[PDB]
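S.K.: First, the structure itself, so that you have it in front of you.
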Protein chains: 4
Amino acid sequence: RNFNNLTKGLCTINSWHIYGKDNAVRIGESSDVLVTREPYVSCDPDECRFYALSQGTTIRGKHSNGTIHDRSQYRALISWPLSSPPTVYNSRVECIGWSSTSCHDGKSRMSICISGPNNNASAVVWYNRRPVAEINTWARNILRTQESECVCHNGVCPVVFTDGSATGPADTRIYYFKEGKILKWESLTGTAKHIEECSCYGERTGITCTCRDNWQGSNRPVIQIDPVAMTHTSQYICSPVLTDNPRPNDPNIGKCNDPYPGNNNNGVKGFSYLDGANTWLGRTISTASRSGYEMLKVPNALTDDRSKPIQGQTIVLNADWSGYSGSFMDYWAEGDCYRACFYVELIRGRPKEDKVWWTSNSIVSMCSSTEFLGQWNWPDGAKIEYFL
Amino acid sequence: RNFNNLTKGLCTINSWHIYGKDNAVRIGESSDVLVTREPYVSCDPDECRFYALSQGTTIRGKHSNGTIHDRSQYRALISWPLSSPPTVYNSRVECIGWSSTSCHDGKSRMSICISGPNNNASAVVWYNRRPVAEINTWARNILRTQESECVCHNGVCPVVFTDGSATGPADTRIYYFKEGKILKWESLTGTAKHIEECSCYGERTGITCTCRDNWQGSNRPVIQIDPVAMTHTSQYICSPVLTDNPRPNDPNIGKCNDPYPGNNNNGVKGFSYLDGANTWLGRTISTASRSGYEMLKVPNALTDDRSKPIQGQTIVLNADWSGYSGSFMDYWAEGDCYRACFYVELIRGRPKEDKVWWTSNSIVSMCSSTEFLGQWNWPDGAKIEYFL
Amino acid sequence: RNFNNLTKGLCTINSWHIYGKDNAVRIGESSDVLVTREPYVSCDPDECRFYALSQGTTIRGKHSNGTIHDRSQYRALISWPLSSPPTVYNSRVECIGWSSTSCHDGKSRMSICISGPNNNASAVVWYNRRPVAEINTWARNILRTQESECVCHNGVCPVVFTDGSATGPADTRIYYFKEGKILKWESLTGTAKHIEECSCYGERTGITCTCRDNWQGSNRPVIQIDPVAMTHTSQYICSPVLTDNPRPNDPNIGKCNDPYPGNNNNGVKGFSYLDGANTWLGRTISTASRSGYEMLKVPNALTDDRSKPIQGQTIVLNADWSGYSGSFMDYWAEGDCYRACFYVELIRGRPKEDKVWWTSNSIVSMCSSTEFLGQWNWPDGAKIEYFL
Amino acid sequence: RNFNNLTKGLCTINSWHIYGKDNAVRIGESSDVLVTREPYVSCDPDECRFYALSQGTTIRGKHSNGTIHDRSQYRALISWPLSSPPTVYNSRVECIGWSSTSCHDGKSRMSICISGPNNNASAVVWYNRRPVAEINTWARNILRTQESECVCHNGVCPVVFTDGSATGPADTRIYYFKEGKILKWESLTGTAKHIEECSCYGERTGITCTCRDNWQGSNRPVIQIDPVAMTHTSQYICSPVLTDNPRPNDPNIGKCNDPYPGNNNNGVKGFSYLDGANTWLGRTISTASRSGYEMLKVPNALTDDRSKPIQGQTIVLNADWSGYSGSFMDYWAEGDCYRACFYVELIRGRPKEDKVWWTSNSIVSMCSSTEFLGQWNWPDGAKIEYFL
Ligand SMILES: *[C@@H]1O[C@H](CO)[C@@H](O[C@@H]2O[C@H](CO)[C@@H](O[C@@H]3O[C@H](CO[C@H]4O[C@H](CO[C@H]5O[C@H](CO)[C@@H](O)[C@H](O)[C@@H]5O)[C@@H](O)[C@H](O[C@H]5O[C@H](CO)[C@@H](O)[C@H](O)[C@@H]5O)[C@@H]4O)[C@@H](O)[C@H](O[C@H]4O[C@H](CO)[C@@H](O)[C@H](O)[C@@H]4O[C@H]4O[C@H](CO)[C@@H](O)[C@H](O)[C@@H]4O[C@H]4O[C@H](CO)[C@@H](O)[C@H](O)[C@@H]4O)[C@@H]3O)[C@H](O)[C@H]2NC(C)=O)[C@H](O)[C@H]1NC(C)=O
Ligand SMILES: *[C@@H]1O[C@H](CO)[C@@H](O[C@@H]2O[C@H](CO)[C@@H](O[C@@H]3O[C@H](CO[C@H]4O[C@H](CO[C@H]5O[C@H](CO)[C@@H](O)[C@H](O)[C@@H]5O)[C@@H](O)[C@H](O[C@H]5O[C@H](CO)[C@@H](O)[C@H](O)[C@@H]5O)[C@@H]4O)[C@@H](O)[C@H](O[C@H]4O[C@H](CO)[C@@H](O)[C@H](O)[C@@H]4O[C@H]4O[C@H](CO)[C@@H](O)[C@H](O)[C@@H]4O[C@H]4O[C@H](CO)[C@@H](O)[C@H](O)[C@@H]4O)[C@@H]3O)[C@H](O)[C@H]2NC(C)=O)[C@H](O)[C@H]1NC(C)=O
Ligand SMILES: *[C@@H]1O[C@H](CO)[C@@H](O[C@@H]2O[C@H](CO)[C@@H](O[C@@H]3O[C@H](CO[C@H]4O[C@H](CO[C@H]5O[C@H](CO)[C@@H](O)[C@H](O)[C@@H]5O)[C@@H](O)[C@H](O[C@H]5O[C@H](CO)[C@@H](O)[C@H](O)[C@@H]5O)[C@@H]4O)[C@@H](O)[C@H](O[C@H]4O[C@H](CO)[C@@H](O)[C@H](O)[C@@H]4O[C@H]4O[C@H](CO)[C@@H](O)[C@H](O)[C@@H]4O[C@H]4O[C@H](CO)[C@@H](O)[C@H](O)[C@@H]4O)[C@@H]3O)[C@H](O)[C@H]2NC(C)=O)[C@H](O)[C@H]1NC(C)=O
Ligand SMILES: *[C@@H]1O[C@H](CO)[C@@H](O[C@@H]2O[C@H](CO)[C@@H](O[C@@H]3O[C@H](CO[C@H]4O[C@H](CO[C@H]5O[C@H](CO)[C@@H](O)[C@H](O)[C@@H]5O)[C@@H](O)[C@H](O[C@H]5O[C@H](CO)[C@@H](O)[C@H](O)[C@@H]5O)[C@@H]4O)[C@@H](O)[C@H](O[C@H]4O[C@H](CO)[C@@H](O)[C@H](O)[C@@H]4O[C@H]4O[C@H](CO)[C@@H](O)[C@H](O)[C@@H]4O[C@H]4O[C@H](CO)[C@@H](O)[C@H](O)[C@@H]4O)[C@@H]3O)[C@H](O)[C@H]2NC(C)=O)[C@H](O)[C@H]1NC(C)=O
Ligand SMILES: CC(=O)N[C@H]1[C@H]([C@H](O)[C@H](O)CO)O[C@@](O)(C(=O)O)C[C@@H]1O
Ligand SMILES: CC(=O)N[C@H]1[C@H]([C@H](O)[C@H](O)CO)O[C@@](O)(C(=O)O)C[C@@H]1O
Ligand SMILES: CC(=O)N[C@H]1[C@H]([C@H](O)[C@H](O)CO)O[C@@](O)(C(=O)O)C[C@@H]1O
Ligand SMILES: [Ca+2]
Ligand SMILES: [Ca+2]
Ligand SMILES: [Ca+2]
Ligand SMILES: [Ca+2]
């Protein structure tokens, strides 16, 4: 076949419809469902699948004790069929490690997993299910990457990595891969001051990534990548509609080229679709914790430091736990435009529910509609009391 | 490949033979079998599969408590191989929601799932396993559809939807899809006074649907659809052999253009094959509850308001629980005629068996034979005492 | 592709080597393994699979209680990959019923399942996984068939059926199918006096079946079928090496055209390879019960009523339970000859082990070698005490 | 397709990166994971898979009691997807027996399994998933083979077998197969004095095998095979870096043509990559038991009896249990060189952990990198206390 090229724009987003939901924690109460976290979704030309980092144990298994921890030798990137749960028997391992990204270039899939101790981690780049390239840590402090899908154009797939402090200046690099081979890498440029866990999408030969500032910012950094020139810029979302978590209350003036202050040394992976008047931002409803999730239509959020919402949709009630969120699109669907999609990780267990000793999640996913559809809310749906 | 066209008539039906049976509740006593209800069967050109609405839990799982309820965020349309049970590990999710239909047009499969709260539900139309179109509620009162397979002709697949009261006049629409796109919709016309859960089949370029009148009728409404003109008519089955449940005893004169009275605000999904002297009707044996199932040969049942049975076959004894029933056919089989098939849902658990706190079902399915075959009876076969 | 034709002879049989073994009862002690009985093996052009009649429950499931019974609505013909156990999650249902046969003609597979009450049973013939023909009971007394694979030549697949008494004269028919359609049937001719559960193989355009005389005989009946003329003959194995079970001790003169007396109203499915000086017979070691299994090389056993063994191989020790046995061959293997194969059913549970309330089996299978290989013995290997 | 030919050399090995890990014992604490031992890895042109000898029971099953034993009728060679665990539901049986090897020749896979009692064992050779040839024991004392993958060149696949004493001179043969047929065999020649469990790889039309001397040696024997001439030589690794287990401490002079003494009648399967200055040896860290695992870069280890390490990498800490290790490569990967890979068996249970009554393992696997990557350590990760 052929390399996918980003020739289309985004479809007009007037609401969001349910796309996938795996009910993993409900089902895992009485089935062999793997403990996971950091999920995402990624499409092949002939299939869309769920992805996540396994913890190498089932939820009901005794080894689920202690799975609040992020990095171990027992983690792996797995994938499984859309809206099924991640089971021992239906999950496919993509590579071994505790930080990942993955994407299809139209011909084959690239998957990247990072493993190792904090001071000696390394990335292995797989292409067509074979290891092709390796990258050693350059700052010796938890080499880490996107935790959602990358995007490819004409065979070139950019990936954002960070190595260094989670609470001060770090060393972020953008790598450009083709068939798993390193074409080029560059150090981060622009005005973003701290970058983690970028969520990306592609449109009209440009790639846009919305990231997490874990140091001083509660507005989100944005990286804009030209996959042909293999260059990038960075800044923050200018809008005063702040979308990190935890975060201050929304002001009336945002910040384009610096972190908006109030909350230090924390954050959550999130995403946005930045498309002029067709702009939608995702965020937790709570400003204090990872609970609730909503989409807000915020015209020109990227560039207008006074911009406010004109429409919205609740995805997860504030009474229910959320978690990481990220972007993906089916680049191989029919039609003249790409349909914006996203997922929300619904974290259950520790630290917020400490009557159990495990941490896991389920997944809900939505795609955009040109209709103005009615909204529901989409909780994980499991009862903690059943696990006691 | 090519779009299927409805070029054949029905085979002569002289008896029914066993086609499929999944023994799901028996097997689920000690395996990871999903709780379901509203099952059906649908064929692809190369495979026939079972379908149902999952409840997002296994039977032995503690989340099975409360599954008598019809609409939740944890339901999804799943499919799995013919006569296997619906397990966590072998079930494929088609889309998310609590009311569905699905059919193959010869090239790809269309699946439709409705989700949302009662006053804000929406349908998402999937084609070739991608979302293609969306339809918002128009009466804000449980938008709902067939719960068995649709039928396609030359790429055009009609689907019947209802939105509005279950106990008074409602707003029924027939939608005509092609490759998941809306070609046209029309409001219900004809003399049917209330329409729910249509069971359809196709023959000689016409589609016939047998539905449920939940308001005042215990005779079944019939919709006849011309998929080329994209028009329809409606009436009731004229025969005094009444086939809803619950229902009055059979009179000697039926009603062609109005509900036959006696039982209000209830019913069950059912089906018929209306083919002149080759006409067969399905119904529960009990007039009071969903127990037993039988087929009756009732010549010209559609148009003769004096017609009575001349032959029959018991499928499920009155001593055993039944449930929904519906039609399907293998439009891709060999031969000069289409073989009529049907399924019966065998409901176990609540409300009729309240020693357990769950509701689920298994499936039995039959197809027609030109032979005069001996009959058996086909119970679910599970013992409730084992689940206590 | 093309219809297989029987153009080769049997390979020289100098010993037997292990082919497959599924350890089903061992594994089912702690996994979701279906209760089965009446297993066999059958090859497709690209795969060989195990087959059996499921009982619609797992071994550890509470519905395993009572599975000594042979005929129920919860039985089905299933198949699963060679040497795996029959699990809920890996088994494919071929058709519904409690007596079966199945074979591949080179293009597609035909499967036949019989279901119904004792006085009203019927066979459904499936071809390319669709129902094609049906056959009603003709003697109203447990219509029944081979319980191992049929054999095809140039698209024509003969199958032996019996309807009527298990303890007196019955009505046996040979049906000739092509693409699931009935070409012809004939009533049994020749000198066999009672026929059940034929085990067949094909070579040089002839099909040979070794059957079970359940009435008066402890020598086995043989049916020889010409699939081109669609005619047959029948007799008994002439050898005094008797191979039914239970049976008298071996005399020095056998019987060619009548039952050898001593044991009435019982038997077991078995097989032989009748090939002049290359003749091998299978039998239980015990004359009283289904325990042990051995192969004996008995030159001209079919026609020589004085013939005795000149070589042998123990398959299952007399200290271990056996059961049904039958023939199959890979008609699509490389080489100038067909390699003779067989399976032995290893029955565990009731009636011989009544500390449990279930009956199931595992499978061992062997194929012939031109080498003189060392022998092992191949028990089921499960410990009944573990199931208590 | 075409037979693979060994046209490439080894890639430069500057470090090792994680390739696969199945966490089988962790996951098997609460899932239907088969008990195994003697694992390995082998690639097809389109897939790489894990292999092992099953014990015909799950870990949590009661039949796991006694699985320290090596040879039983319930063992089989199974394969399953890379980095998944070996489950009842995802494992494919290749053949039946208790000693094995397997390899793909570019067109189809050959698998060999040995079964039988100690004095009457036999090998069955499968090709394209059909039995093709058989080999009877020639010394009547546990006929046995490699327990890791063989290597093919232009359709010819050499395999090393041993029959005879484990504690004195034995009869080793090299067999040369093509499409499962025996082309030739030869008796072992050269200076190796005892050969078991060879680990092989291929490069530039030569095959190199590193074996186990179980009699008097703690240096490893090496067999070098010319698959075109179908001839071989043998010797020992000359280096004083000793790599058997148990073993003496490293001297300063090794032995090229005789066993290095100190430890009798024991050993462990292991491997090396012998490639001049690109030479790397694997070994346990402990000299006394199967604990820890490390790679050492030992230039010209094969031929230099003074050679010492100049670089290394720890794979498994000495505090953690290891086991067998072996070589494999993806002969169908892209690039101008073959990437060296290996696996380490991580044995859990008896004899070292006798609070449980079973013996099983998990797998870790690495491949070489031209980068100098940071190292981690890779334990099995299961807690024995959870199994009590
Ligand atoms: C069936 O389903 C449908 C479809 O889902 C349901 O309809 C949906 O209903 C929801 C809920 O109401 C709507 O979401 C909200 O949308 C509003 C925005 O819409 C309003 O404002 C628009 C802009 O108005 C301004 O500009 C125009 C210029 O043209 C000017 O005219 C106007 O005066 C004003 O200057 C209006 O255009 C718009 O009107 C239109 O739409 C109406 C329908 O909604 C319609 O009736 C009209 O005729 C017209 O067509 C409308 O008035 C969002 O503002 C809102 O989001 C805020 O509120 C939620 C809480 O509900 C909160 O979670 C959000 O985060 C946000 O509030 C926070 O952020 C603000 C920005 O900083 C801040 O100002 C707030 O104080 C608040 O901040 C606090 O909370 C946050 C979060 O914790 C925290 O971080 C902060 O620090 C701080 O603590 C909702 O998104 C959908 O748009 C609507 N969809 C459709 C298609 O109608 C329907 O209800 C369902 N039916 C039933 C029966 O259930
Ligand atoms: C082996 O297997 C075979 C194959 O399955 C078995 O054979 C089958 O046996 C079953 C059971 O008997 C049969 O089903 C019944 O069929 C009859 C219809 O057939 C009869 O009537 C025909 C029509 O007669 C009328 O017209 C002709 C004009 O030509 C005229 O001559 C005649 O005088 C009369 O005017 C006859 O043609 C037919 O004869 C033929 O067939 C005979 C074999 O059956 C054969 O012997 C003859 O020689 C001839 O060839 C035959 O007489 C159905 O009426 C019946 O269904 C009613 O009864 C069941 C209870 O059994 C009930 O559940 C049904 O719902 C229905 O009864 C309700 O509805 C009626 C309609 O409103 C109503 O009038 C009733 O009062 C009753 O209503 C009550 O109950 C319902 C349900 O709860 C409730 O809703 C109401 O409100 C009310 O409370 C059966 O379907 C098969 O047809 C037959 N198949 C074959 C191929 O033979 C065989 O038995 C097995 N063997 C063994 C050993 O087990
Ligand atoms: C490693 O593995 C190898 C390979 O598996 C093992 O070698 C195998 O060993 C087994 C066990 O011994 C052998 O099976 C037996 O074979 C004999 C037949 O072979 C003997 O007889 C041949 C025929 O002799 C006659 O004809 C020739 C004419 O040429 C004439 O010369 C001769 O005098 C006589 O007239 C001989 O040719 C043959 O010799 C050859 O082979 C020898 C090796 O075996 C070799 O040493 C010689 O040099 C020569 O090459 C040999 O003498 C079968 O008879 C026997 O089966 C009977 O016995 C078993 C019990 O063991 C029983 O279960 C069978 O059912 C059968 O006995 C019953 O049926 C008879 C027939 O009616 C009846 O007469 C009996 O009384 C008995 O009946 C009772 O029991 C049954 C069953 O319950 C019941 O139904 C009845 O009613 C009644 O109660 C075995 O099959 C293999 O052939 C042999 N294979 C090879 C390749 O060598 C080796 O042992 C292993 N190594 C180790 C260390 O373990
Ligand atoms: C992040 O990750 C990176 C990458 O993994 C980590 O860096 C790695 O660190 C490990 C651990 O230190 C290294 O492994 C060791 O390598 C040494 C070999 O390297 C040394 O020696 C080289 C050769 O020196 C000789 O020749 C040169 C000629 O050119 C001459 O100049 C020199 O004087 C001497 O004559 C040196 O070239 C080399 O220097 C280079 O590398 C340095 C970095 O390592 C660098 O700083 C230098 O500038 C230069 O570039 C270096 O000095 C192995 O010797 C060693 O293996 C031994 O020790 C381990 C224990 O640690 C033991 O398990 C091994 O089995 C082995 O020791 C046994 O065997 C010996 C051979 O018989 C014997 O002599 C020993 O006594 C011992 O024997 C006992 O134990 C065994 C086992 O139980 C038993 O069987 C015996 O009987 C007996 O009881 C390690 O393999 C990696 O090479 C290194 N990799 C890289 C790329 O740097 C980094 O640490 C991580 N970072 C953090 C923060 O964690
Ligand atoms: C490689 C790694 O440890 N990633 C972890 C990151 C980093 O800690 C932060 O991004 C700070 O760098 O955040 C999590 O803890 C979190 O917030 O839920 C989860 C994730 O596993
Ligand atoms: C969308 C929805 O709720 N469908 C439900 C329907 C409606 O209640 C009725 O058709 C009245 O409209 O009927 C059921 O309750 C029933 O009778 O078993 C099941 C089904 O799930
Ligand atoms: C259709 C049917 O019932 N087949 C059964 C047959 C018949 O009873 C006999 O062949 C007599 O006809 O034999 C069995 O009981 C048996 O011997 O183990 C098993 C089998 O299920
Ligand atoms: Ca932050
Ligand atoms: Ca009604
Ligand atoms: Ca008999
Ligand atoms: Ca040794």
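Chain labels follow the order of the structure tokens: the first chain is A, the next B, and so on; residue numbering restarts at 1 in every chain, and ligands are counted from 1 in their shown order.
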Distance limit 6 Å, reference ligand 10, atoms considered: only C-alpha atoms and all ligand atoms. Which residues make the cut? Give them as a PyMOL selection string.

M.R.: chain C and resi 213-218+244+266-267

S.K.: Contacts of residue 386 (chain B) at 12 Å or less, counting only C-alpha atoms, minus same-chain residues fewer than 4 places along, as a ChimeraX atom specification?

M.R.: /B:25-30,60,355-356,381-382 /C:61-65

S.K.: Could the residues of chain B that have an atom at most 8 Å from ligand 6 be listed as CSV, each with its closest atom pair and the distance in Å to one decimal, counting only C-alpha atoms and all ligand atoms and ordered by chain and ascending residue number?

M.R.:
residue,atom,partner,partner_atom_place_in_ligand_line,distance
B:37,CA,ligand 6,21 (O),7.6
B:38,CA,ligand 6,21 (O),6.7
B:69,CA,ligand 6,21 (O),7.8
B:70,CA,ligand 6,21 (O),4.4
B:71,CA,ligand 6,3 (O),6.0
B:98,CA,ligand 6,1 (C),6.2
B:99,CA,ligand 6,1 (C),5.3
B:142,CA,ligand 6,1 (C),6.1
B:143,CA,ligand 6,1 (C),7.0
B:144,CA,ligand 6,1 (C),5.0
B:145,CA,ligand 6,1 (C),7.4
B:165,CA,ligand 6,12 (O),7.2
B:166,CA,ligand 6,12 (O),4.3
B:167,CA,ligand 6,12 (O),7.8
B:196,CA,ligand 6,10 (O),5.8
B:197,CA,ligand 6,10 (O),6.6
B:212,CA,ligand 6,10 (O),7.6
B:214,CA,ligand 6,11 (C),6.3
B:266,CA,ligand 6,17 (O),7.1
B:267,CA,ligand 6,17 (O),6.4
B:268,CA,ligand 6,17 (O),5.6
B:269,CA,ligand 6,17 (O),7.5
B:323,CA,ligand 6,18 (O),7.7
B:324,CA,ligand 6,18 (O),7.5

S.K.: Please check which protein, DNA or RNA residues sit within 8 Å of ligand 2, counting only C-alpha atoms and all ligand atoms, and write them as a PyMOL selection string.

M.R.: (chain B and resi 14-15+240-243+247-252+284-287+294-297+308-314+372-376) or (chain C and resi 119-120)

S.K.: Do me a favour and pick out the residues of chain B within 8 Å of chain A, using only C-alpha atoms, as a ChimeraX atom specification.

M.R.: /B:32,56-58,60-63,73-74,88-89,91-93,95-96,115-117,120-122,124,129-131,133-137

S.K.: Output C-alpha atoms for every residue in the selection just made, as an mmCIF file, in the first residue's frame.

M.R.:
data_model
loop_
_atom_site.group_PDB
_atom_site.id
_atom_site.type_symbol
_atom_site.label_atom_id
_atom_site.label_comp_id
_atom_site.auth_asym_id
_atom_site.auth_seq_id
_atom_site.Cartn_x
_atom_site.Cartn_y
_atom_site.Cartn_z
ATOM 1 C CA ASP B 32 -16.788 -15.902 31.728
ATOM 2 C CA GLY B 56 -21.011 -5.046 30.617
ATOM 3 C CA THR B 57 -20.609 -7.783 33.227
ATOM 4 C CA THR B 58 -20.438 -11.584 33.391
ATOM 5 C CA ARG B 60 -21.203 -14.804 37.914
ATOM 6 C CA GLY B 61 -19.757 -11.319 38.358
ATOM 7 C CA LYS B 62 -21.186 -9.211 41.160
ATOM 8 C CA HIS B 63 -22.176 -6.492 38.672
ATOM 9 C CA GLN B 73 -23.974 3.240 29.913
ATOM 10 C CA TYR B 74 -22.514 -0.250 30.171
ATOM 11 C CA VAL B 88 -15.569 -11.882 27.449
ATOM 12 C CA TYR B 89 -12.858 -13.364 25.221
ATOM 13 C CA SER B 91 -17.196 -11.325 21.676
ATOM 14 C CA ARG B 92 -16.692 -8.477 19.209
ATOM 15 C CA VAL B 93 -18.172 -5.071 20.057
ATOM 16 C CA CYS B 95 -21.039 -0.217 18.839
ATOM 17 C CA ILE B 96 -22.048 1.248 22.205
ATOM 18 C CA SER B 115 -27.436 5.591 23.548
ATOM 19 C CA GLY B 116 -28.210 8.424 25.942
ATOM 20 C CA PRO B 117 -30.682 9.425 28.656
ATOM 21 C CA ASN B 120 -31.655 13.055 24.814
ATOM 22 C CA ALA B 121 -30.809 9.779 23.058
ATOM 23 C CA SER B 122 -28.999 9.499 19.740
ATOM 24 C CA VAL B 124 -24.813 6.341 15.654
ATOM 25 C CA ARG B 129 -16.759 -0.708 11.280
ATOM 26 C CA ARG B 130 -16.484 3.115 11.188
ATOM 27 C CA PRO B 131 -18.987 5.727 12.378
ATOM 28 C CA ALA B 133 -23.833 9.205 10.440
ATOM 29 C CA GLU B 134 -25.687 10.287 13.577
ATOM 30 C CA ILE B 135 -29.366 10.873 14.334
ATOM 31 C CA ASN B 136 -30.657 12.877 17.280
ATOM 32 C CA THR B 137 -33.871 12.081 19.162
#

S.K.: Provide the CA of residue 326 (chain D) to CA of residue 201 (chain D) distance in Å, to one decimal place.

M.R.: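 Result for CA of residue 326 (chain D) versus CA of residue 201 (chain D): 9.6 Å, one decimal.
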
S.K.: Quick one: pick out all strand (DSSP E or B) residues within region 249-283 of chain D from a backbone DSSP run and write them as a ChimeraX atom specification.

M.R.: /D:272-273,280-283

S.K.: Let me see the file: selected residues, N, CA and C atoms, as a PDB file, in the first residue's frame.

M.R.:
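Ended up saving to part09.pdb:
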ATOM      1  N   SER D 272      26.303 -18.809  23.095  1.00  0.00           N
ATOM      2  CA  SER D 272      27.259 -17.746  22.861  1.00  0.00           C
ATOM      3  C   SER D 272      27.124 -17.235  21.437  1.00  0.00           C
ATOM      4  N   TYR D 273      27.661 -16.046  21.190  1.00  0.00           N
ATOM      5  CA  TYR D 273      27.829 -15.558  19.832  1.00  0.00           C
ATOM      6  C   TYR D 273      29.316 -15.409  19.591  1.00  0.00           C
ATOM      7  N   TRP D 280      30.377 -12.377  22.203  1.00  0.00           N
ATOM      8  CA  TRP D 280      29.712 -12.223  23.499  1.00  0.00           C
ATOM      9  C   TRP D 280      29.291 -13.573  24.053  1.00  0.00           C
ATOM     10  N   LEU D 281      29.555 -13.796  25.341  1.00  0.00           N
ATOM     11  CA  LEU D 281      29.185 -15.039  26.019  1.00  0.00           C
ATOM     12  C   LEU D 281      28.119 -14.774  27.075  1.00  0.00           C
ATOM     13  N   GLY D 282      27.142 -15.667  27.182  1.00  0.00           N
ATOM     14  CA  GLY D 282      26.178 -15.593  28.271  1.00  0.00           C
ATOM     15  C   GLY D 282      26.540 -16.562  29.394  1.00  0.00           C
ATOM     16  N   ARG D 283      26.227 -16.206  30.639  1.00  0.00           N
ATOM     17  CA  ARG D 283      26.360 -17.160  31.742  1.00  0.00           C
ATOM     18  C   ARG D 283      25.579 -16.725  32.975  1.00  0.00           C
TER      19      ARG D 283
END

S.K.: From the set C:262, C:276, C:158, C:254, which residue has the shortest atom-to-atom contact distance to residue 298 (chain C), counting only C-alpha atoms?

M.R.: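 For residue 298 (chain C), the nearest of the candidates is C:276.
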
S.K.: Any idea what the distance is between CA of residue 127 (chain C) and CA of residue 110 (chain C)?

M.R.: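 Separation between CA of residue 127 (chain C) and CA of residue 110 (chain C): 4.4 Å.
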
S.K.: Write down as a ChimeraX atom specification the residues of region 10-189 of chain A whose backbone DSSP state falls under alpha helix (DSSP H).

M.R.: /A:24-28

S.K.: Rounded to one decimal, what separation in Å do you get between atom 86 (C, counted along the ligand's line) of ligand 3 and CA of residue 322 (chain C)?

M.R.: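 Pair atom 86 (C, counted along the ligand's line) of ligand 3 / CA of residue 322 (chain C) returns 17.1 Å.
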
S.K.: Tell me which protein, DNA and RNA residues are within 10 Å of residue 359 (chain D), counting only C-alpha atoms, leaving out same-chain ones fewer than 5 positions away, and put them as a PyMOL selection string.

M.R.: chain D and resi 35-37+55+59+64-69+347-354

S.K.: Rank B:362, B:224, B:101, B:118 by their smallest atom-to-atom distance to ligand 1, using only C-alpha atoms and all ligand atoms, and report the top residue only.

M.R.: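 Nearest to ligand 1: B:118.
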